[PDB]
$ cat coords-v1.txt   # compact mmCIF, N, CA, C and O atoms
# COMPACT_ATOMS: atom_id res chain seq x y z
N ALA Q 1 -20.38 -4.01 -91.29
CA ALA Q 1 -20.39 -4.45 -92.69
C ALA Q 1 -20.68 -3.37 -93.72
O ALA Q 1 -19.99 -3.27 -94.73
N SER Q 2 -21.73 -2.58 -93.46
CA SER Q 2 -22.11 -1.50 -94.37
C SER Q 2 -20.95 -0.53 -94.57
O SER Q 2 -20.63 -0.14 -95.70
N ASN Q 3 -20.25 -0.21 -93.47
CA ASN Q 3 -19.09 0.66 -93.49
C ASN Q 3 -17.94 -0.01 -94.26
O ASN Q 3 -17.33 0.59 -95.15
N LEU Q 4 -17.70 -1.29 -94.00
CA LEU Q 4 -16.62 -2.02 -94.65
C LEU Q 4 -16.73 -2.09 -96.18
O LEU Q 4 -15.69 -2.07 -96.84
N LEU Q 5 -17.93 -2.19 -96.76
CA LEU Q 5 -18.06 -2.26 -98.22
C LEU Q 5 -17.68 -0.97 -98.96
O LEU Q 5 -17.18 -1.01 -100.08
N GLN Q 6 -18.00 0.17 -98.35
CA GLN Q 6 -17.85 1.51 -98.91
C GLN Q 6 -16.41 2.01 -98.81
O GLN Q 6 -15.94 2.75 -99.67
N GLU Q 7 -15.70 1.58 -97.76
CA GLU Q 7 -14.32 1.97 -97.49
C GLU Q 7 -13.29 0.98 -98.04
O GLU Q 7 -12.11 1.31 -98.16
N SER Q 8 -13.69 -0.26 -98.30
CA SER Q 8 -12.75 -1.29 -98.76
C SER Q 8 -13.18 -1.92 -100.06
O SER Q 8 -14.36 -2.15 -100.30
N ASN Q 9 -12.19 -2.27 -100.87
CA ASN Q 9 -12.48 -2.95 -102.12
C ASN Q 9 -12.91 -4.39 -101.78
O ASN Q 9 -12.75 -4.86 -100.65
N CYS Q 10 -13.42 -5.10 -102.77
CA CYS Q 10 -13.88 -6.46 -102.53
C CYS Q 10 -12.79 -7.37 -101.94
O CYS Q 10 -13.07 -8.06 -100.97
N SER Q 11 -11.52 -7.26 -102.34
CA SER Q 11 -10.43 -8.09 -101.82
C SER Q 11 -10.25 -7.92 -100.30
O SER Q 11 -10.30 -8.87 -99.52
N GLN Q 12 -10.18 -6.67 -99.86
CA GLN Q 12 -10.00 -6.24 -98.47
C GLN Q 12 -11.23 -6.55 -97.63
O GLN Q 12 -11.12 -6.94 -96.47
N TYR Q 13 -12.42 -6.34 -98.20
CA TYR Q 13 -13.68 -6.59 -97.51
C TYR Q 13 -13.70 -8.04 -97.05
O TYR Q 13 -13.99 -8.34 -95.90
N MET Q 14 -13.33 -8.92 -97.97
CA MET Q 14 -13.32 -10.33 -97.73
C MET Q 14 -12.33 -10.72 -96.64
O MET Q 14 -12.71 -11.43 -95.71
N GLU Q 15 -11.11 -10.19 -96.70
CA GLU Q 15 -10.09 -10.47 -95.69
C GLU Q 15 -10.57 -10.01 -94.30
O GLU Q 15 -10.50 -10.76 -93.33
N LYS Q 16 -11.17 -8.82 -94.21
CA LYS Q 16 -11.69 -8.28 -92.94
C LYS Q 16 -12.84 -9.12 -92.39
O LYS Q 16 -12.88 -9.40 -91.19
N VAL Q 17 -13.81 -9.47 -93.23
CA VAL Q 17 -14.94 -10.30 -92.81
C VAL Q 17 -14.47 -11.67 -92.33
O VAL Q 17 -14.96 -12.15 -91.31
N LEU Q 18 -13.52 -12.32 -93.03
CA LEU Q 18 -12.99 -13.61 -92.59
C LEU Q 18 -12.36 -13.45 -91.20
O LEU Q 18 -12.56 -14.30 -90.32
N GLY Q 19 -11.65 -12.35 -90.97
CA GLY Q 19 -11.06 -12.05 -89.66
C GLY Q 19 -12.15 -11.87 -88.60
O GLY Q 19 -12.17 -12.58 -87.60
N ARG Q 20 -13.16 -11.04 -88.87
CA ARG Q 20 -14.28 -10.80 -87.97
C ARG Q 20 -15.07 -12.03 -87.61
O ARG Q 20 -15.49 -12.15 -86.46
N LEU Q 21 -15.31 -12.93 -88.55
CA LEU Q 21 -16.03 -14.16 -88.25
C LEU Q 21 -15.23 -14.98 -87.24
O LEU Q 21 -15.78 -15.50 -86.27
N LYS Q 22 -13.91 -15.01 -87.41
CA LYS Q 22 -13.02 -15.71 -86.49
C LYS Q 22 -13.01 -15.02 -85.13
O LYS Q 22 -13.04 -15.70 -84.10
N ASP Q 23 -12.98 -13.69 -85.11
CA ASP Q 23 -13.01 -12.92 -83.87
C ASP Q 23 -14.31 -13.27 -83.12
O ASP Q 23 -14.33 -13.47 -81.91
N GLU Q 24 -15.42 -13.37 -83.86
CA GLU Q 24 -16.73 -13.69 -83.33
C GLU Q 24 -16.81 -15.08 -82.74
O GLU Q 24 -17.41 -15.28 -81.68
N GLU Q 25 -16.19 -16.05 -83.39
CA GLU Q 25 -16.17 -17.41 -82.90
C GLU Q 25 -15.44 -17.44 -81.56
O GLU Q 25 -15.93 -17.99 -80.57
N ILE Q 26 -14.29 -16.75 -81.49
CA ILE Q 26 -13.48 -16.65 -80.29
C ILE Q 26 -14.31 -15.98 -79.19
O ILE Q 26 -14.42 -16.50 -78.08
N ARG Q 27 -14.99 -14.88 -79.53
CA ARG Q 27 -15.86 -14.10 -78.64
C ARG Q 27 -17.01 -14.92 -78.08
O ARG Q 27 -17.29 -14.86 -76.89
N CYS Q 28 -17.63 -15.72 -78.93
CA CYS Q 28 -18.71 -16.61 -78.54
C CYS Q 28 -18.25 -17.63 -77.51
O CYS Q 28 -18.92 -17.83 -76.51
N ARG Q 29 -17.09 -18.25 -77.74
CA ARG Q 29 -16.53 -19.23 -76.80
C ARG Q 29 -16.07 -18.56 -75.50
O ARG Q 29 -16.19 -19.17 -74.46
N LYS Q 30 -15.59 -17.31 -75.53
CA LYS Q 30 -15.13 -16.61 -74.32
C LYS Q 30 -16.28 -16.30 -73.38
O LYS Q 30 -16.06 -16.23 -72.18
N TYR Q 31 -17.45 -15.97 -73.93
CA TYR Q 31 -18.61 -15.52 -73.16
C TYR Q 31 -19.89 -16.35 -73.13
O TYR Q 31 -20.57 -16.37 -72.11
N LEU Q 32 -20.22 -17.06 -74.19
CA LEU Q 32 -21.51 -17.73 -74.34
C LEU Q 32 -21.58 -19.22 -74.04
O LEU Q 32 -20.58 -19.94 -74.01
N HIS Q 33 -22.81 -19.69 -73.85
CA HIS Q 33 -23.09 -21.11 -73.73
C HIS Q 33 -23.06 -21.69 -75.14
O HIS Q 33 -23.58 -21.05 -76.06
N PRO Q 34 -22.54 -22.91 -75.34
CA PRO Q 34 -22.41 -23.51 -76.66
C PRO Q 34 -23.66 -23.49 -77.52
O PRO Q 34 -23.56 -23.37 -78.73
N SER Q 35 -24.84 -23.53 -76.89
CA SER Q 35 -26.11 -23.50 -77.60
C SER Q 35 -26.29 -22.22 -78.42
O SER Q 35 -27.16 -22.17 -79.29
N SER Q 36 -25.51 -21.18 -78.17
CA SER Q 36 -25.59 -19.92 -78.91
C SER Q 36 -24.57 -19.73 -80.04
O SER Q 36 -24.85 -18.97 -80.96
N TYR Q 37 -23.45 -20.46 -80.03
CA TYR Q 37 -22.35 -20.25 -80.99
C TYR Q 37 -22.80 -20.18 -82.44
O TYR Q 37 -22.58 -19.17 -83.11
N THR Q 38 -23.54 -21.18 -82.91
CA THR Q 38 -23.95 -21.23 -84.31
C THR Q 38 -24.90 -20.09 -84.70
O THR Q 38 -24.72 -19.46 -85.73
N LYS Q 39 -25.87 -19.77 -83.83
CA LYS Q 39 -26.87 -18.73 -84.07
C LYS Q 39 -26.17 -17.39 -84.25
O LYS Q 39 -26.47 -16.64 -85.17
N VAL Q 40 -25.17 -17.13 -83.41
CA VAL Q 40 -24.40 -15.90 -83.44
C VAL Q 40 -23.55 -15.79 -84.70
O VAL Q 40 -23.59 -14.76 -85.36
N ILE Q 41 -22.80 -16.85 -85.04
CA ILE Q 41 -21.97 -16.84 -86.26
C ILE Q 41 -22.85 -16.61 -87.49
O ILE Q 41 -22.52 -15.82 -88.37
N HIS Q 42 -24.01 -17.27 -87.49
CA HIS Q 42 -24.96 -17.10 -88.56
C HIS Q 42 -25.46 -15.66 -88.64
O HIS Q 42 -25.47 -15.07 -89.72
N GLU Q 43 -25.77 -15.03 -87.50
CA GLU Q 43 -26.23 -13.65 -87.51
C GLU Q 43 -25.14 -12.75 -88.11
O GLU Q 43 -25.39 -11.89 -88.95
N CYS Q 44 -23.88 -13.01 -87.76
CA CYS Q 44 -22.75 -12.28 -88.34
C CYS Q 44 -22.63 -12.51 -89.85
O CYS Q 44 -22.39 -11.56 -90.59
N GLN Q 45 -22.77 -13.75 -90.33
CA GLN Q 45 -22.71 -14.05 -91.77
C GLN Q 45 -23.86 -13.37 -92.51
O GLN Q 45 -23.64 -12.79 -93.58
N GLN Q 46 -25.05 -13.33 -91.91
CA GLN Q 46 -26.20 -12.67 -92.51
C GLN Q 46 -25.93 -11.17 -92.66
O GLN Q 46 -25.98 -10.62 -93.76
N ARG Q 47 -25.52 -10.52 -91.57
CA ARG Q 47 -25.31 -9.07 -91.62
C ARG Q 47 -24.06 -8.65 -92.37
O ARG Q 47 -24.07 -7.57 -92.93
N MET Q 48 -22.97 -9.42 -92.32
CA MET Q 48 -21.74 -9.06 -93.03
C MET Q 48 -21.62 -9.52 -94.46
O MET Q 48 -20.91 -8.88 -95.23
N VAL Q 49 -22.21 -10.64 -94.83
CA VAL Q 49 -22.06 -11.13 -96.20
C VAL Q 49 -23.36 -11.04 -96.97
O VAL Q 49 -23.37 -10.48 -98.07
N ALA Q 50 -24.45 -11.58 -96.42
CA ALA Q 50 -25.72 -11.58 -97.13
C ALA Q 50 -26.33 -10.19 -97.36
O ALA Q 50 -26.73 -9.88 -98.48
N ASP Q 51 -26.33 -9.31 -96.36
CA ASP Q 51 -26.90 -7.96 -96.51
C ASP Q 51 -26.07 -7.05 -97.46
O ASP Q 51 -26.56 -6.03 -97.94
N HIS Q 52 -24.82 -7.42 -97.75
CA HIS Q 52 -23.86 -6.68 -98.61
C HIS Q 52 -23.44 -7.38 -99.88
O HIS Q 52 -22.44 -7.05 -100.53
N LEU Q 53 -24.26 -8.34 -100.28
CA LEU Q 53 -24.01 -9.20 -101.43
C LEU Q 53 -23.83 -8.47 -102.76
O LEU Q 53 -22.93 -8.81 -103.53
N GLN Q 54 -24.63 -7.43 -103.02
CA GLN Q 54 -24.56 -6.70 -104.29
C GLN Q 54 -23.17 -6.10 -104.54
O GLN Q 54 -22.68 -6.11 -105.66
N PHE Q 55 -22.51 -5.61 -103.49
CA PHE Q 55 -21.16 -5.06 -103.60
C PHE Q 55 -20.15 -6.15 -103.95
O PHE Q 55 -19.32 -5.98 -104.85
N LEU Q 56 -20.25 -7.30 -103.28
CA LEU Q 56 -19.36 -8.42 -103.55
C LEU Q 56 -19.55 -8.90 -104.99
O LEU Q 56 -18.59 -9.19 -105.70
N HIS Q 57 -20.81 -8.95 -105.43
CA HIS Q 57 -21.20 -9.37 -106.77
C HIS Q 57 -20.75 -8.40 -107.86
O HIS Q 57 -20.32 -8.87 -108.91
N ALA Q 58 -20.76 -7.09 -107.61
CA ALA Q 58 -20.29 -6.13 -108.60
C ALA Q 58 -18.79 -6.36 -108.87
O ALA Q 58 -18.37 -6.53 -110.01
N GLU Q 59 -17.99 -6.48 -107.81
CA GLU Q 59 -16.56 -6.71 -107.94
C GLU Q 59 -16.17 -8.15 -108.29
O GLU Q 59 -15.04 -8.42 -108.71
N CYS Q 60 -17.09 -9.10 -108.14
CA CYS Q 60 -16.88 -10.49 -108.50
C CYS Q 60 -16.48 -10.65 -109.96
O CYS Q 60 -15.62 -11.47 -110.28
N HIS Q 61 -17.13 -9.88 -110.85
CA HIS Q 61 -16.83 -9.90 -112.27
C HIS Q 61 -15.37 -9.58 -112.53
O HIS Q 61 -14.64 -10.34 -113.17
N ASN Q 62 -14.91 -8.49 -111.93
CA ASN Q 62 -13.55 -8.01 -112.09
C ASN Q 62 -12.57 -9.01 -111.49
O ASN Q 62 -11.61 -9.41 -112.14
N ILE Q 63 -12.85 -9.49 -110.28
CA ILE Q 63 -12.02 -10.46 -109.57
C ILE Q 63 -11.86 -11.74 -110.39
O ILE Q 63 -10.74 -12.26 -110.48
N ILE Q 64 -12.94 -12.23 -110.99
CA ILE Q 64 -12.89 -13.40 -111.86
C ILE Q 64 -12.11 -13.12 -113.14
O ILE Q 64 -11.21 -13.87 -113.50
N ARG Q 65 -12.46 -12.02 -113.80
CA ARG Q 65 -11.91 -11.68 -115.11
C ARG Q 65 -10.42 -11.38 -115.08
O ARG Q 65 -9.75 -11.50 -116.10
N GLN Q 66 -9.92 -10.99 -113.92
CA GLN Q 66 -8.51 -10.72 -113.63
C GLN Q 66 -7.82 -11.94 -113.01
O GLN Q 66 -6.64 -11.88 -112.67
N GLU Q 67 -8.56 -13.02 -112.76
CA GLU Q 67 -8.06 -14.26 -112.16
C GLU Q 67 -7.26 -14.13 -110.87
O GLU Q 67 -6.29 -14.84 -110.65
N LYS Q 68 -7.70 -13.24 -109.98
CA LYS Q 68 -7.08 -13.01 -108.67
C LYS Q 68 -7.41 -14.19 -107.75
O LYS Q 68 -8.40 -14.19 -107.01
N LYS Q 69 -6.57 -15.22 -107.79
CA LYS Q 69 -6.72 -16.50 -107.09
C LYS Q 69 -7.04 -16.42 -105.60
O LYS Q 69 -7.97 -17.08 -105.17
N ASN Q 70 -6.34 -15.56 -104.85
CA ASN Q 70 -6.61 -15.41 -103.42
C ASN Q 70 -7.99 -14.80 -103.17
O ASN Q 70 -8.79 -15.33 -102.41
N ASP Q 71 -8.30 -13.72 -103.88
CA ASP Q 71 -9.57 -12.99 -103.75
C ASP Q 71 -10.73 -13.87 -104.16
O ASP Q 71 -11.76 -13.89 -103.49
N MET Q 72 -10.56 -14.64 -105.22
CA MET Q 72 -11.57 -15.57 -105.65
C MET Q 72 -11.79 -16.65 -104.59
O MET Q 72 -12.94 -17.02 -104.35
N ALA Q 73 -10.73 -17.19 -103.98
CA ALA Q 73 -10.85 -18.19 -102.93
C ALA Q 73 -11.59 -17.59 -101.72
O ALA Q 73 -12.55 -18.18 -101.22
N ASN Q 74 -11.20 -16.38 -101.32
CA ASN Q 74 -11.83 -15.67 -100.21
C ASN Q 74 -13.31 -15.39 -100.54
O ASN Q 74 -14.17 -15.57 -99.68
N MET Q 75 -13.60 -14.97 -101.77
CA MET Q 75 -14.95 -14.71 -102.25
C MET Q 75 -15.76 -15.99 -102.21
O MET Q 75 -16.89 -16.01 -101.74
N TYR Q 76 -15.17 -17.09 -102.66
CA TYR Q 76 -15.84 -18.36 -102.67
C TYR Q 76 -16.18 -18.81 -101.25
O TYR Q 76 -17.31 -19.21 -101.01
N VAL Q 77 -15.24 -18.73 -100.29
CA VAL Q 77 -15.51 -19.12 -98.89
C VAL Q 77 -16.66 -18.31 -98.28
O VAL Q 77 -17.56 -18.90 -97.68
N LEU Q 78 -16.70 -16.99 -98.48
CA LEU Q 78 -17.77 -16.13 -97.93
C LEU Q 78 -19.11 -16.35 -98.63
O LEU Q 78 -20.13 -16.47 -97.97
N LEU Q 79 -19.11 -16.38 -99.96
CA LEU Q 79 -20.33 -16.59 -100.73
C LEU Q 79 -20.92 -17.98 -100.53
O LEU Q 79 -22.12 -18.13 -100.66
N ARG Q 80 -20.12 -19.00 -100.24
CA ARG Q 80 -20.57 -20.38 -99.94
C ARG Q 80 -21.37 -20.45 -98.65
O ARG Q 80 -22.21 -21.34 -98.54
N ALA Q 81 -21.13 -19.57 -97.67
CA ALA Q 81 -21.91 -19.51 -96.43
C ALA Q 81 -23.32 -18.93 -96.68
O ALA Q 81 -24.23 -19.15 -95.89
N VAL Q 82 -23.51 -18.17 -97.76
CA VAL Q 82 -24.80 -17.58 -98.12
C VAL Q 82 -25.40 -18.33 -99.31
O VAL Q 82 -24.85 -18.38 -100.40
N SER Q 83 -26.62 -18.83 -99.14
CA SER Q 83 -27.32 -19.62 -100.18
C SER Q 83 -27.46 -18.91 -101.54
O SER Q 83 -27.34 -19.54 -102.59
N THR Q 84 -27.60 -17.59 -101.55
CA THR Q 84 -27.75 -16.79 -102.77
C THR Q 84 -26.42 -16.18 -103.23
O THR Q 84 -26.36 -15.52 -104.27
N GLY Q 85 -25.32 -16.46 -102.53
CA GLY Q 85 -24.04 -15.88 -102.85
C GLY Q 85 -23.32 -16.53 -104.03
O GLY Q 85 -22.80 -15.81 -104.89
N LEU Q 86 -23.32 -17.86 -104.10
CA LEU Q 86 -22.63 -18.54 -105.19
C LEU Q 86 -23.25 -18.42 -106.58
O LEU Q 86 -22.46 -18.26 -107.52
N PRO Q 87 -24.58 -18.42 -106.79
CA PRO Q 87 -25.15 -18.37 -108.14
C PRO Q 87 -24.62 -17.26 -109.05
O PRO Q 87 -24.34 -17.52 -110.22
N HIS Q 88 -24.41 -16.04 -108.54
CA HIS Q 88 -23.85 -14.95 -109.34
C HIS Q 88 -22.38 -15.20 -109.69
O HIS Q 88 -21.99 -15.08 -110.84
N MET Q 89 -21.57 -15.67 -108.73
CA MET Q 89 -20.18 -15.99 -109.03
C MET Q 89 -20.07 -17.10 -110.07
O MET Q 89 -19.17 -17.10 -110.90
N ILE Q 90 -21.00 -18.05 -110.02
CA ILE Q 90 -21.09 -19.15 -110.96
C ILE Q 90 -21.43 -18.62 -112.35
O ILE Q 90 -20.80 -19.02 -113.32
N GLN Q 91 -22.42 -17.72 -112.44
CA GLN Q 91 -22.82 -17.13 -113.71
C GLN Q 91 -21.68 -16.28 -114.28
O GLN Q 91 -21.38 -16.36 -115.47
N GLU Q 92 -21.01 -15.48 -113.46
CA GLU Q 92 -19.88 -14.67 -113.90
C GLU Q 92 -18.71 -15.52 -114.36
O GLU Q 92 -18.02 -15.17 -115.32
N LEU Q 93 -18.46 -16.63 -113.68
CA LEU Q 93 -17.41 -17.51 -114.15
C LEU Q 93 -17.84 -18.16 -115.46
O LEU Q 93 -17.04 -18.25 -116.38
N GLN Q 94 -19.11 -18.56 -115.58
CA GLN Q 94 -19.67 -19.16 -116.79
C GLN Q 94 -19.51 -18.20 -117.97
O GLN Q 94 -19.11 -18.62 -119.05
N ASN Q 95 -19.83 -16.91 -117.78
CA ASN Q 95 -19.71 -15.88 -118.80
C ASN Q 95 -18.24 -15.68 -119.18
O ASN Q 95 -17.89 -15.65 -120.36
N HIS Q 96 -17.34 -15.61 -118.19
CA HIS Q 96 -15.91 -15.47 -118.46
C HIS Q 96 -15.36 -16.61 -119.30
O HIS Q 96 -14.62 -16.39 -120.26
N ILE Q 97 -15.76 -17.83 -118.96
CA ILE Q 97 -15.40 -19.03 -119.70
C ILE Q 97 -16.00 -19.02 -121.11
O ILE Q 97 -15.33 -19.37 -122.07
N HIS Q 98 -17.27 -18.65 -121.25
CA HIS Q 98 -18.01 -18.61 -122.53
C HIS Q 98 -17.38 -17.64 -123.50
O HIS Q 98 -17.11 -18.01 -124.64
N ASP Q 99 -17.09 -16.43 -123.04
CA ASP Q 99 -16.47 -15.40 -123.86
C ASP Q 99 -15.06 -15.84 -124.24
O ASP Q 99 -14.65 -15.71 -125.39
N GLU Q 100 -14.30 -16.42 -123.30
CA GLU Q 100 -12.95 -16.87 -123.59
C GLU Q 100 -12.97 -18.04 -124.60
O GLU Q 100 -12.14 -18.10 -125.51
N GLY Q 101 -13.96 -18.92 -124.49
CA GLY Q 101 -14.16 -20.04 -125.40
C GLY Q 101 -14.61 -19.60 -126.80
O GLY Q 101 -14.08 -20.10 -127.79
N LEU Q 102 -15.56 -18.67 -126.91
CA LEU Q 102 -16.04 -18.16 -128.21
C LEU Q 102 -14.91 -17.46 -128.96
O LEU Q 102 -14.71 -17.67 -130.15
N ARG Q 103 -14.13 -16.65 -128.25
CA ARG Q 103 -12.97 -15.93 -128.81
C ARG Q 103 -11.92 -16.91 -129.33
O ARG Q 103 -11.35 -16.71 -130.39
N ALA Q 104 -11.66 -17.97 -128.57
CA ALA Q 104 -10.69 -18.98 -128.94
C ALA Q 104 -11.13 -19.83 -130.14
O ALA Q 104 -10.29 -20.28 -130.90
N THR Q 105 -12.43 -20.10 -130.30
CA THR Q 105 -12.99 -20.92 -131.39
C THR Q 105 -13.52 -20.22 -132.64
O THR Q 105 -13.53 -20.83 -133.71
N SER Q 106 -13.94 -18.96 -132.56
CA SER Q 106 -14.51 -18.23 -133.71
C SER Q 106 -13.47 -17.73 -134.70
O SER Q 106 -13.75 -17.71 -135.90
N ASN Q 107 -12.26 -17.43 -134.23
CA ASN Q 107 -11.17 -16.91 -135.07
C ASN Q 107 -10.44 -18.01 -135.85
O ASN Q 107 -9.39 -17.77 -136.46
N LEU Q 108 -10.97 -19.23 -135.86
CA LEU Q 108 -10.36 -20.36 -136.54
C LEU Q 108 -10.74 -20.43 -138.03
O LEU Q 108 -11.91 -20.37 -138.41
N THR Q 109 -9.74 -20.59 -138.89
CA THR Q 109 -9.92 -20.68 -140.34
C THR Q 109 -10.37 -22.10 -140.77
O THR Q 109 -9.78 -23.09 -140.33

$ encode --input "coords-v1.txt" --output "structure tokens"
Amino acid sequence: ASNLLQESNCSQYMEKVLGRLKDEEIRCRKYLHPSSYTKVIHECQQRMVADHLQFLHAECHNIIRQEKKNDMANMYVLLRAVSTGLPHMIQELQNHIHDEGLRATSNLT
């Protein structure tokens, strides 16, 4: 994860992490007892998404403000697995909407 944030932009990071989580689920079923599947996927979500949240959050502004629908959907799916992931995306979307709304309403005669 640490390597993935520095080498990949937020769009790519998200696509790779979604792939890795799936690889991990497959890996868990190939080797482990079912009692371990959830604990392992969670450990992966913690280390790949939660420990690297600040990077996702920095690019979240740009991703929202540019309305990149796929990246936003991918960002939403990853950030929804982390309890502290959605609040910043929510605030950034709120700010994007607020600024777009003030601009649309203040210039009225």

$ residues_near_point --input "coords-v1.txt" --point "(-24.9, -14.8, -105.7)" --cutoff "12 Å" --atoms "only C-alpha atoms" --output "PyMOL selection string"
chain Q and resi 49-61+75-76+78-93

$ closest_residue --input "coords-v1.txt" --among "Q:28, Q:48, Q:72, Q:40" --to "residue 11 (chain Q)" --atoms "only N, CA, C and O atoms"
Q:72

$ axis_aligned_box --input "coords-v1.txt" --around "region 80-96 of chain Q" --padding-each-side "4 Å" --output "AutoDock Vina command-line options"
--center_x -21.2 --center_y -18.0 --center_z -108.1 --size_x 21.1 --size_y 14.7 --size_z 32.5

$ select_by_dssp --input "coords-v1.txt" --residues "region 2-99 of chain Q" --states "alpha helix (DSSP H)" --output "JSON, numbers by chain"
{"Q": [2, 3, 4, 5, 6, 7, 10, 11, 12, 13, 14, 15, 16, 17, 18, 19, 20, 21, 22, 23, 24, 25, 26, 27, 28, 29, 30, 31, 37, 38, 39, 40, 41, 42, 43, 44, 45, 53, 54, 55, 56, 57, 58, 59, 60, 61, 62, 63, 64, 65, 69, 70, 71, 72, 73, 74, 75, 76, 77, 78, 79, 80, 81, 86, 87, 88, 89, 90, 91, 92, 93, 94, 95, 96, 97, 98, 99]}
